[PDB]
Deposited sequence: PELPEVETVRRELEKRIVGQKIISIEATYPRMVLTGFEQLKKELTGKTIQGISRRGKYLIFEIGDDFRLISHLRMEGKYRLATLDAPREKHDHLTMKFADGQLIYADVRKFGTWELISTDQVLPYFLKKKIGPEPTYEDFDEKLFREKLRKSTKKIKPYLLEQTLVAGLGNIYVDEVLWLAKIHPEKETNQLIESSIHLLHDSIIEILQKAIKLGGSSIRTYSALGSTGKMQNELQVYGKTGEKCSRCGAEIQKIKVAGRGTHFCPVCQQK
C-alpha cells in the first residue's frame, strides 16, 4: 500500500472502530510487534480507540489518551473487520477483539509492523525517520523541495522513494508522477531546472490527492478505482498515447520502473 491506500484504510477504520473498547489482543505472529507483544497486550487491553491518524504510509491508532499504535502495512498488509466467530486464515497474524467484532491483520510476506509508542513520542518517532512533509499545498513547501534537490546527486526516483523529500510515494505513484512531470527516473536531482521542479511538486500533490479521492489502487481498502487511471505503472509494452510510443520497463536501484522514454529524457 502507498499513501492513498493507507489513507483509504484509515478512513474506513475511523468510521467503524473508533469508540470501541479493546476486549483482547491475540497473535499467531508476535514477532511483527516490534516493541514487544506482551507489553502491547498488557497496555492496550481495556482501552478505547479514540482515533486513527496517518503519517506518510504509517497508520497511527490513538488508543487511550497516552498510547499510539503505529502500524505499517509494508508490501502486502491488509486489515479486515470480521465477526467474532470468523475462522483464522493462513496469513492472519494479529487480531484485536472488540465486543461485537474483531480487527484482523494479515500479511502474506510478514513484513508489516506494529509499534506501541507514547503519545508524546510520536513526533520524535517520525523525526528519527526523517519523514518529509505530507503531499499537500499547505505542508509540502516547494522552496525546501527545490533546495534539497539541488544539493543532491541522487537519482530522482529513488530519492522520492526515501520518504524524506515528501511522504507517501511508493513504486506505483512515483512512476505516475515522473510521467506526469515528464522527468526521467534516473535524472540526477541537481540537474533539474526550476520549472521541472515546480511541475514535479504540483504533480506529486495532484496525483496523490486524486488517488485518495478514487479510493486508491486495487478486506478494507480493496474497493479503490485509481488503478483505472494509471498511465504507466505495470503497462509495459502499451501505448503512451504519444504517436506510437510504448511504455518501457527498466530497473532503477532494484525497483521495477515504468516510463515513456520519448517523454522522459534527461
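Stretches of the deposited sequence absent from the structure, as judged by C-alpha coordinates, reduce to one: 219 to 223.
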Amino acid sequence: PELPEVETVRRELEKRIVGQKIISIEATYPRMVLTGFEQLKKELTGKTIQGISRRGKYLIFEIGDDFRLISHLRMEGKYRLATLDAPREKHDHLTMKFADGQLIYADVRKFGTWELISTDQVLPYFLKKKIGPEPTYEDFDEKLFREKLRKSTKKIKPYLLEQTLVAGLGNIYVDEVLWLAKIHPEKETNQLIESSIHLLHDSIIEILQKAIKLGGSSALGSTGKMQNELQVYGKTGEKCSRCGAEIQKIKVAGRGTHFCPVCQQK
From here on, numbers count along this sequence of modelled residues.
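Only the largest set of C-alpha atoms that superpose within 1.5 Å between the two forms is called the rigid core.
After superposition on the rigid core, the larger root-mean-square Cα deviation in 5 other deposited structures of this protein belongs to 234 to 242, not to the other of 206 to 214 and 234 to 242. Looking at 13 to 21 and 243 to 251, the one farther from the shown form in 5 other deposited structures of this protein by average CA distance, after a rigid core fit, turns out to be 243 to 251.
Between the stretches 122 to 130 and 69 to 77, it is 122 to 130 that shows the larger average CA temperature factor. Stretch comparison (198 to 206 versus 224 to 232) by mean CA B-factor in the PDB entry places 224 to 232 on top. Considering 137, 114, 111, 105 together, the PDB entry gives 137 the largest C-alpha B factor. Residues shown: 164, 152, 171, 95. Highest C-alpha temperature factor in the entry: 152. Sort the chain's modelled residues by C-alpha temperature factor and residue 261 lands in the highest third, per the entry. Ranked within its chain, residue 53 lands in the lowest third, by CA B factor from the PDB record. Per-chain ranking of the deposited C-alpha B factor places residue 22 in the lowest third. Compared with the other modelled residues of the chain, the Cα B-factor recorded for residue 100 ranks in the highest third. Among all modelled residues in its chain, residue 90 ranks in the highest third by Cα B-factor.
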